[PDB]
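What follows is a single structure, written as structure tokens, with notes after it.
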Amino acid sequence: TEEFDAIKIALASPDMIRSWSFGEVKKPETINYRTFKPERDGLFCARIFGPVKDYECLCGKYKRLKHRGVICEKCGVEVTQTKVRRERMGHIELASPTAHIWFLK
Amino acid sequence: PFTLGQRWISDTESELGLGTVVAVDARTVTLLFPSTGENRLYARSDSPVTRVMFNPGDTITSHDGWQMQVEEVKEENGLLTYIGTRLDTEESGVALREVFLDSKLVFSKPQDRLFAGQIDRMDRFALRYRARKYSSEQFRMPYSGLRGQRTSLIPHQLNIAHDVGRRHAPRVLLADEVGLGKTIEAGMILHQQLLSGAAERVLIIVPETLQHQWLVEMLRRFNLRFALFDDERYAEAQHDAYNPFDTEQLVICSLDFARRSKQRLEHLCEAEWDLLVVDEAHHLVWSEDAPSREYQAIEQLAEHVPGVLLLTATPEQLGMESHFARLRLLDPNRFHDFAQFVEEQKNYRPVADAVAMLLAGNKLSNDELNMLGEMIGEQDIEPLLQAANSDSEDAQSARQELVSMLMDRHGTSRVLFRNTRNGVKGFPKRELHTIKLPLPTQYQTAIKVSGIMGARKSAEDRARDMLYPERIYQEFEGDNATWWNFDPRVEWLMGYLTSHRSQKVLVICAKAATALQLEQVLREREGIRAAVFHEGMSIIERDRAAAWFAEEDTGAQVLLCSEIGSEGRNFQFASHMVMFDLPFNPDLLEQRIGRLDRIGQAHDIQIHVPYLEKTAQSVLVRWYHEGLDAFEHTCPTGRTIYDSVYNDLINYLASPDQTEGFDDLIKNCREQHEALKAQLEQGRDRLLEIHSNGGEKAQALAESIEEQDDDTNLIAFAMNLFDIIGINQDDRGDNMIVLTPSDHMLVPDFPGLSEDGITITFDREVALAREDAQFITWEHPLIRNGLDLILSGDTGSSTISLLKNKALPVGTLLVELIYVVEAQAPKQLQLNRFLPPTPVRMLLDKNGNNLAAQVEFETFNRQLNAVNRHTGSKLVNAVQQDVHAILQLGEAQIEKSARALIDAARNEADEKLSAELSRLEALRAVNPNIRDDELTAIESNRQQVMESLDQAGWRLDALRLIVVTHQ
Amino acid sequence: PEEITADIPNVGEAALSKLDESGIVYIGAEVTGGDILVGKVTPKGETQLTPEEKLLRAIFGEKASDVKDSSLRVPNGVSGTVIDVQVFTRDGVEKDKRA
Ligand SMILES: [Zn+2]
């Protein structure tokens, strides 16, 4: 834990939002409801947000901890601890620039 | 800082060698590895990747194969170009772009990993050093191969294993009495030959009905996975190889399978087996003028395999002459004529008798003693001969020297071991308790109807039915009739159990159906916990029931169903047994009582036999106790008398009304018993039994193992090892750990582990009570596996640590250096008894003074702490010029310590190897069974050991940098 | 489909002792928190066992289909006597002993 102070708040610029995001969520599907593996692209996506289970890729080619930065060639999910799936944010590219309701109403 | 073209290595899988940056995106970088051609892309964050740059003094190799010497490297636009002198051409100023480096840059002796960025952890360095120390010390332990087997520490077993497992190409016939552990000694010898590296390929030929038993025995007791070869397997292995038997090191197969085709038996004989084991070799009948077609296939096999073990039985009170047919297979030239062996056994027989008088405490006439004098062809026998008999002060030691000399003169005892139940101590005594119960009228009424209606039916079937009243009460009172409500035996059982609730009781009944009915009735009318053990259950379920029965005080109070038994590890904690029924033939009776009457029990055995008045049970109790004395004593008279009395006694069972003639049948049975006992005790080759059971030295070995088996350091190292590797260890509590892998485990697959987990116990007694657990020792495959996995990998070989100590100068340098002394020799030679990979710790200072003799590892390590990845990374490179000068300081002392270790090891080697070669030479001068090949093998092994040891080297295994701070 | 059988992976026979062959507690049995209220098995798929492991499974009797337990247990810290049990099957389901 860092020793910090001064929490700063400001408008997020679109480039900063792109900076935080790890991937684009293109389709709204999440999971197959049949096999509970997440969608290859979706609101729950291993290749964007993180591996479901600690240190093992989705398709199951790489599962060992020896690998910590590799990104499985078949499934583009990196092998790390599932806790990261708690901090990684995504982003959506809107076709029409949209207003922020808070700053309007 | 990834830029296309840079060289990077993986900190963990350096077996991939160098890599090259070929792509970069916002979050990731891609390395090409020319060693294999694959690419791996990593996230920039947490960066588990290593910068590959070189320093002055390194030698590198170019993609064209030439090498050079780096003196300076420039960096521009993210790329490195190496400048230096090409040594093979002597050209100075040569440049090599980093993109053209070769891949064969493996994890060099850690003086090169100082500049690899993030370095490994300090607890894996601790595991690495502790692992090399423990493995080194344990390889040289005197009794290797004798502690990991899931058996009781029975002296004669450990003796047989010790003697045979250390021979070269052992060829022996095990003729131990039935039920003594023939297959256990066989498995121990196999465990030794496989663990010592003397053997790699093994073939066991077993009758099909026993194949699975062997598979489980070798797997659960000795941690050895054999591959069963049937026709289906044989075909699928024919596809995978020219010789199917080349795909697996350890193979089980049937003798009937072995004889199917001739091309099959020749492929088998060419598979280059190191050892061959055939159990129940007495089924191989052989005539000198007409050998059977069955014996011929083994005779063909035993000539193509150096070491060959034959397990057999010696029934019908005959001598080892019947064994010649098999001895001929071990050493065909030494044993080649029946008549000479007959002459030898007959002329030794009086000698054997006289010896039995000697050690029994008898005087030996001069006519007798001048036949042993003829055997031992010497002239100074007389003085030592008489002190043993006059009962002087050293009559015991003179008897022991006589017997020792006698064993060396026995014609077969070096190649033949026969332990008897009379020549081995440790078995518990057996006391009988009989209870006369009134036969309930419901049974009298149900059976008398079958009696009347049973007019024309043989007494054999009348007695086979009348034996078990429950299953004729199901024809007249209807099937499933609730007979468990009026049968007084059940009430007696309940009363005794409810009155002895703190005792585990083994209750034996005839059939599984009755056992299920008994569980149901004891539960629903007295709540007694009882596990059923019948043939219909699977191996895991029956194991589960044994597990429940093994719970000290919270588990099943009772057990048991039909014969099945066969549970290698026994209920050594159980000492009270009740026979709810009695078997027909005496062999099943003695085997059932055998399941408990084993070496290692808690106390003596109490046998309770509740039997119904005036039924076949009442007859059989009288027959077994007064007639055969089969309950309280174990003498194997039962089968002979049973065969000599069968047809007469049947009538006495099928009609207990005719009482006259019974008491005389009983006295006849006791007379036959006494005659058979006398003839057998007077046929005892007590010398062979004394040589077989190992005597006092063997009991001493067994107790040394019993004391080495309490090693708690083993458990404390194990937990650390697994936990570091990333194996979850749930402590169930009752001396059983459950190991399960984890998401953060360190290796792709563990050989033995499965995701469902395995249970282990470190206590030999728990293992003997819980066969579902792995008995973990220093020699257990799990530990040896993890050891090879760590000591071959390079994790734990390099780390840095800071020390905060007011009592030292700032910025001082301590350097822990772990050299490893190794020899290069084939494992078949068993060099590891004398020089395994041996660690050499040295704690150098800035002046090159060694403190290791003064500064133990643990104490120093306790007050040390690690750093963070980034600052530490170049904090290492802060002393790159210093550590290089520190290394040569120890370079001159490591050779001194090494030459001390090598000299001492080579000395220990020549003494023991010359003492054993001398013993074998004395034996060749004294025994005719030692082959030329044997002595040649030992001589060549001694020469090869001295040669490979004369070329032993050292290598840098581990390196930890220490820098003192006070921040 | 999940199963109600009494064969439940890696449970001691202590837990089964109070269960009948069908896998349901006996009426009138006294239970305590953590005791297994009824037996249920969770199915396992894509086991992909090694060929030697498959041979071991056949002799041992180990079930690739099970390896996980969905058995209901008495809630923690509640203890009483089972006075009644009911079983409701749909179409195409065999009646159990309790039924
Ligand atoms: Zn994958």
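Positions of Cβ are generated from backbone atoms using ideal geometry, with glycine treated the same way; all protein chains shown enter the neighbour counts. Numbers and lists here come from the model and the stated rules, or from a named source; these are not laboratory values.
Miscellaneous remarks
- Hey, residue A:90 within 16 Å of the ligand (Cβ to nearest atom) and either part of a loop (DSSP other than H, G, I, E, B) or more than 11 Å from chain B (Cβ to nearest Cβ) (or both) or not: no
- Pick from region B:718-728, criterion farther than 17 Å from residue B:793 by Cβ and surrounded by 15 or more Cβ atoms within 10 Å (Cβ to Cβ), ranking: nearest to the other protein chains (Cβ to nearest Cβ): B:728
- Screening the candidates B:472, B:528, B:508 for the property of being in contact (Cβ under 8 Å) with a residue 40 or more places away in the chain and hydrophobic (A, V, I, L, M, F, W, C) yields one hit, B:508.
- Filter result (more than 14 Å from the chain's Cα centre (by Cα), within 25 Å of residue C:44 (Cβ to Cβ) and away from every other protein chain (no Cβ under 14 Å)) within region A:26-40: A:31, A:32, A:33
- Evaluation of residue C:24 against (1) in contact (Cβ under 8 Å) with a residue 24 or more places away in the chain; (2) in contact with a strand residue (DSSP E or B) (Cβ under 8 Å, 6 or more places away or on another chain); (3) more than 30 Å from residue B:559 (Cβ to Cβ) (one fails), failing number: (3)
- For beta carbons closer than 8 Å, sequence separation of 6+ or different chains, a first residue in region B:64-91 that is under 29 Å from residue B:1 (Cα atoms) and touching a residue at least 40 places away in the same chain (Cβ under 8 Å) and a second that is surrounded by fewer than 16 Cβ atoms within 10 Å (Cβ to Cβ) and of a type in the set (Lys, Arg), the qualifying pairs are B:79/B:97; B:80/B:74; B:80/B:97.
- Test: residue B:212 is at negative phi, away from chain C (no Cβ under 14 Å) and either surrounded by fewer than 22 Cβ atoms within 10 Å (Cβ to Cβ) or not in a loop (DSSP other than H, G, I, E, B) (or both): no
- Under the condition of being among the hydrophobic types (A, V, I, L, M, F, W, C) and within 13 Å of residue B:846 (Cα to Cα), the residues counted in region B:809-826 number 4.
- Only residues that are within 12 Å of the ligand (Cβ to nearest atom), closer than 14 Å to residue A:22 by Cα and within 13 Å of chain B (Cβ to nearest Cβ) were counted in region A:41-82, giving 6.
- Only one of the numbered conditions (1) farther than 25 Å from residue B:8 by Cβ; (2) within 11 Å of chain B (Cβ to nearest Cβ) is not met by residue A:101, and that is (2).
- Flag if residue C:92 is at positive phi, surrounded by 13 or more Cβ atoms within 10 Å (Cβ to Cβ) and out of contact with any strand residue (DSSP E or B) (no Cβ under 6 Å at 6 or more places or on another chain): no
- Close pairs (7 angstrom Cβ cut-off, 6 or more residues apart or separate chains): among the basic types (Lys, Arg) in region A:67-78, more than 10 Å from the ligand (Cβ to nearest atom) anywhere: A:68/A:80; A:68/B:46; A:68/B:48
- Just so you know, in region C:52-78 the residues that are facing chain B (nearest Cβ under 9 Å) and assigned to a helix (DSSP H, G or I) include one that is farthest from residue C:40 (Cα to Cα), and it is C:52.
- Taking region B:716-733 as the range and being under 24 Å from the mean Cα position of the chain (by Cα) and either among the small types (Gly, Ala, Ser) or outside the structural domain of residue B:745 (by CATH) (or both) as the test, the residues that pass are B:716, B:718.
- Of all residues in region B:741-777, exactly one satisfies the criterion of being among the β-branched types (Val, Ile, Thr) and within 14 Å of chain A (Cβ to nearest Cβ), namely B:747.
- Which numbered condition residue B:902 misses (of (1) more than 20 Å from residue B:827 (Cα to Cα); (2) part of a helix (DSSP H, G or I); (3) among the β-branched types (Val, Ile, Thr)): (1)
- The set of residues from region B:532-569 being within 24 Å of residue B:182 (Cβ to Cβ), within 12 Å of another protein chain (Cβ to nearest Cβ) and not aromatic (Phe, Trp, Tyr) comprises B:539, B:542, B:543, B:546.
- Failed condition for residue A:50, given (1) free of Cβ contacts under 8 Å to residues at least 60 places away in the same chain; (2) more than 17 Å from residue B:45 (Cα to Cα): (2)
- Looking only at residues in region A:16-40 that are among the hydroxyl-bearing types (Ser, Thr, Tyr) and in a loop (DSSP other than H, G, I, E, B), the one that is nearest to the ligand (Cβ to nearest atom) is A:35.
- The number of residues in region B:37-62 being away from every other protein chain (no Cβ under 11 Å) and either over 23 Å from residue A:78 (Cβ atoms) or touching a residue at least 24 places away in the same chain (Cβ under 8 Å) (or both) comes to 13.
- Only residues that are of a type in the set (S, T, N, Q) and surrounded by fewer than 19 Cβ atoms within 10 Å (Cβ to Cβ) were counted across region B:772-800, and they come to 2.
- Qualifying residue in region B:587-596 (condition: within 13 Å of chain C (Cβ to nearest Cβ) and in contact with a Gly (Cβ under 9 Å, 6 or more places away or on another chain)): no
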